[PDB]
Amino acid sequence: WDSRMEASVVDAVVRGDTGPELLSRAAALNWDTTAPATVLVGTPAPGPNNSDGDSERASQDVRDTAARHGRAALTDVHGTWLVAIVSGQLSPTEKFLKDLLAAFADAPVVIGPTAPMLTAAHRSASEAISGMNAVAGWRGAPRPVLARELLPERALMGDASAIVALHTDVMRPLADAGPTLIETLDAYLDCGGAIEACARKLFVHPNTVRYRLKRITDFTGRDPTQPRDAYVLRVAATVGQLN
């Protein structure tokens, strides 16, 4: 196992140095170069004492866990974080990922988008790293959390790609809803989710307001009645107006 070479492959994805030769470097480490690539970042699990080799233990676990599930992983460190690239399609509820999480501390883990192949994974890396930089700003984040689920936090920290993603992935689909839905959303967010009250203000049954929020969820995938969703819609609508 050549772990200088493993780190150089990870670091070349992190830096966006993704020429063809990256693939042979990876094949050489038993990466299937056709597979999807997902970057995640977290802290290594704290070991029984020893404590600089936490990172080396956690790397080994990660690679073992991958092998056991039929996948490959490459790792590198990013100061006190461990950066892992893992192969294959990746579901939130699936067992590979539950096991993988045991290699990390009981502290945030941020999962980047899945890329089609290793050489396409620079954005996955940049977003997972940006999310990890941003995750302190949502203390209640779930473990794990998607980079794309931290757009307010990344936006407030100055990550341009988060601002763009609020437009492209929240505002643009919102905008498909037309003025009756956006107006209802805006009112509901200002009443703080107080349905009876808002309904009176919008001259409609409570159940019409509820139905219209369920439509907001149809256009955008965010549920205005869930406090996280509602916060993301509200920040996204702001950013929408100021660009």
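Throughout, we count residues from 1 along the sequence that is shown.
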Mind giving me a quick count class for deposited residues absent from the model between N49 and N50? Options are none, 1 to 3, 4 to 9, 10 or more.
1 to 3
With respect to the recorded C-alpha B factors, which stretch has the higher mean value, 88-96 or 119-127?
88-96
Of 169-177 and 106-114, the stretch with the higher mean C-alpha B-factor in the deposited entry is 169-177
The residue of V41, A27, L185, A37 with the maximal C-alpha B-factor according to the PDB record is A27
Based on the deposited C-alpha B factors for this chain, I'd like to know if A236 is in the lowest, middle or highest third.
lowest
Binned into thirds over the chain's modelled residues, the C-alpha B-factor of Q60 lands in the highest
Split the chain's modelled residues into thirds by Cα B-factor; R200 lands in the highest
Among the modelled residues of this chain, does the Cα B factor of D223 put it in the lowest, middle or highest third?
middle
Quick tally, chain-level thirds of C-alpha B-factors: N207 sits in the lowest
